[PDB]
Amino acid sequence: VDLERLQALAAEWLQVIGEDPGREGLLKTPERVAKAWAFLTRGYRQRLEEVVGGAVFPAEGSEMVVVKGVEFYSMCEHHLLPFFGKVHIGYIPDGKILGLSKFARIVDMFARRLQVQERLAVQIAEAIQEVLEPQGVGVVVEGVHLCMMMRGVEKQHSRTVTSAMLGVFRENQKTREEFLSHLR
């Protein structure tokens, strides 16, 4: 990402909205905004194999593993405004388990992009599927969208839930229900 070009675009953005890039509080803003966006879009430049590293261990049992409450932050591709919340992951191993923290690294890889909450859930689930080839995986994303809160409809109490169910989580109703019950 060309930080220098982002800075120039940000400086002009400030002017067009009626601000003064030369005033003290905005002097380093174009630079700060440029670096922030490089970080906020770093997900596009990451590789799944590197993100997981080699933290795949032999399964200790056959029961479902649930990693809940993984906070996430993303940007809606429609308004370029933040949407955030939590991601809950559940899976039944097929001989291999993932290092707990790698789930969060996978979440960040797909969240630090321009997104659609519906896509985010699917991409996370598919990534875990590719890495562990488990019997099944289930991912639930619950978030609040600033594009709905600070502008437009300006609704304050809303939150959205999206999910993706693969393998036995899609095929076995009881398995899915058990996973969702753990989140309640």
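In this text, residue numbers run from 1 along the sequence as written.
- Looking at 174 to 182 and 1 to 9 together, the entry lists the larger mean B-factor for 1 to 9, computed on C-alpha atoms.
- For the pair 135 to 143 and 37 to 45, the mean B factor over Cα atoms is greater in 37 to 45.
- The entry assigns its greatest Cα B factor, within the set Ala104, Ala111, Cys76, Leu98, to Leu98.
- Across the residues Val168, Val16, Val161, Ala164, the deposited record lists the maximum Cα B factor for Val16.
- In the PDB entry, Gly53 places in the highest third of its chain by CA B-factor.
- For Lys28, the recorded CA B-factor ranks within the highest third of the chain. Only modelled residues enter the ranking.
- Split the chain's modelled residues into thirds by C-alpha temperature factor. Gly69 is in the lowest one.
- When the modelled residues of the chain are ordered by their C-alpha B factor, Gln123 lands in the middle third.
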